[PDB]
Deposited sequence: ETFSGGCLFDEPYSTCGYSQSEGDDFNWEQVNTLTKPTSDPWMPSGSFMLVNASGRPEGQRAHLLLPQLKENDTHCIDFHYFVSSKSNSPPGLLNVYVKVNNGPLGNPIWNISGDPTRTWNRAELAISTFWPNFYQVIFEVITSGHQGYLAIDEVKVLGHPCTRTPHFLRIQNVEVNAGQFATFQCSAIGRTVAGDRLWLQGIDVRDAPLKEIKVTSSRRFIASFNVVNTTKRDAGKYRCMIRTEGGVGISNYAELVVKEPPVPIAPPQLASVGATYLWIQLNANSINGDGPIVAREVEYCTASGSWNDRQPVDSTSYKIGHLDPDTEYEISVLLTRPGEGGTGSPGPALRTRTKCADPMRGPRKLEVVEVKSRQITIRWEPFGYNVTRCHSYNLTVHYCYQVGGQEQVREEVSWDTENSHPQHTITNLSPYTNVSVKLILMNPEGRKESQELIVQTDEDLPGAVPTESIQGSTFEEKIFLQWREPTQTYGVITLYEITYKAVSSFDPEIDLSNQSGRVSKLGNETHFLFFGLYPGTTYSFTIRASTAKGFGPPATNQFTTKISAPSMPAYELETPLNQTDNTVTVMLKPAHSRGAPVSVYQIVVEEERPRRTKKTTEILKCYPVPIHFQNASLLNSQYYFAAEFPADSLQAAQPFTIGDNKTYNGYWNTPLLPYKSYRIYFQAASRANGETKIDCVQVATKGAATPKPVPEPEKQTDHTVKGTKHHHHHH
């Protein structure tokens, strides 16, 4: 029950055939073995003719089979004939296959077609089935030249073609723009060396055969790639094979070229930390299309040093484990399905992280040298890892008494860039306990070092006050007494004290000496002197580091009636 053919003995109306009356001219129907003819370039029998004779170039005539709507594999075959006259093509012969009353589409078969005064078989293996349907259409386009073109036994047959393979139903293909798409055409039949293979589309560039894989004499697989795809490539396509005796075509199959996602606006900033960064992935309003199946966050330091791509599950996302006083650049990457699925990174939020209050105060706080009214200290350097902030300051903090009131000073060392840093404190009182500490400050907090204590070196004292130097005289002895120096600058270890006989009730007064005494007693009983004489005494106090300056005074011994 598999008709649609036509031997053209009956009128072609009978076969379901018709003329596209919106073109230029009509095909003729002829029977030479009822009405014979002298014409040399006309063959015998019953056929449909196009007489291109007297016709200008470009003029075309269309002749349509009825619309077929089959289930089983079938094969259409027909015979054609061309003749001049001159010997030039009277016109081209095209065959189109319009499917589901859609566009005419590109032609699937054609001869150029030079004269041969001989008939020729040609079959078509169209793979378009119920519930879809298709219309075969024969078109002649006139060359301007003066010959004949004929069709003679169209035959629709409910079995596979014999000289052309058949394509198995090809399904739609989705692809991400930029990447290439591939059409895998399964076929059932033999293909040979001469056979031409390609992928045909309506209103889009046809693609060529990429490769062919011959599984057997009975079946093969031809692949076709549409390359560097855009939305302008998206459309309908079908596989093609032309063999010496026919042409096979697949169904149409749609290429959907979808554009990978990119987020419209950058990620909003939720809150800032020292070592973290809560952000808001916007990435809902997007610039491409398709189902987002994966969302990554990508961040890099402004210098470059570090960068990390990391998948994010929620809208609110925390970037933890960052560096404190650091400039960060964050973009969001979206991903749709398939090979080029991810696509570009969105606008970048640029933000920087707070400072952390410092790890700790500096360390190895040593004394280098101590002096009378000054000392030098030192410590181990530290850097970004202790400071946790590119802006900071280091401060030296000392404390002491002299002797009544306290004094509490602070300085600022500039040894930010220093191997074996130092700081020399000055303007101190001797023999005083300086309590030193290094306080490290940044805008968030502070950390003081270990507290060191350094006793300032001793020094030479002041002189014994001259008001204090009081003496008690006797014939033959003098008791000298004094008070400690108003300001000692150390422990008084010794008093050196000299005496000279200066005058007398007169001889030769060779009666001098020096004497010494522990610091803890401020007196000296002068032993065995001359009476009536006056002695000068000069005292000098002393400290571990030697003698201070001299007070001095004179006293004169008693006299008495001589005896006897």
| How would you write out the unmodelled ranges of the deposited sequence, numbered from 1? | 1, 508-510, 569-731
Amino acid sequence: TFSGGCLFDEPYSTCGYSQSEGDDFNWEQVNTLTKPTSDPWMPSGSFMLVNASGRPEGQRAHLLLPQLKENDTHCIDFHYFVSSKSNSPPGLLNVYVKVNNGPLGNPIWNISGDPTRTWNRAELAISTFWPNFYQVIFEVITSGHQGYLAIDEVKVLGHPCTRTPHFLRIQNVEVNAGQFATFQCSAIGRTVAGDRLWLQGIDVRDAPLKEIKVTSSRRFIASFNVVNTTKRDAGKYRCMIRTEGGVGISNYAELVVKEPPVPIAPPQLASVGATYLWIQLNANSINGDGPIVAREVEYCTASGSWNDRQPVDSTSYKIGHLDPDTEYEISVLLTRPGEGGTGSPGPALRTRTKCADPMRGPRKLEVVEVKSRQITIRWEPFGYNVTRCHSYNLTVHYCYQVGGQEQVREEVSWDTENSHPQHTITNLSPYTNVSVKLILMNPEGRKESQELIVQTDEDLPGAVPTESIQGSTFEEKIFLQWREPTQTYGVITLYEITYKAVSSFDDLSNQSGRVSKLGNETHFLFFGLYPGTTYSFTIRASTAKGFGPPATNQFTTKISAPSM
From here on, numbers count along this sequence of modelled residues.
| Of 460-468 and 278-286, the stretch whose C-alpha atoms average the higher B-factor in the entry | 278-286
| task | Return whichever of 535-543 and 37-45 has the greater mean Cα B factor according to the PDB record. | result | 37-45
| Based on what the PDB entry reports, which of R196, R378, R163, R336 has the top C-alpha B-factor? | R378
| request: Go through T432, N120, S271, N100 one by one and give the residue whose Cα B-factor in the PDB entry is largest. | output: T432
| task | Using the B-factor values recorded in the entry, state whether the Cα atom of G54 falls in the lowest, middle or highest third among the modelled residues of its chain. | result | highest
| field | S504 by Cα B-factor - lowest, middle or highest third of the modelled chain | value | lowest
| request: Tell me, lowest, middle or highest third: where does the Cα B factor of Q19 rank within its chain? | output: highest
| note | Sorting the chain's modelled residues by C-alpha B-factor and splitting them into thirds places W414 in the highest
| task | Could you look up the Cα B-factor of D152 in the entry and say which third of the chain it sits in: lowest, middle or highest? | result | middle
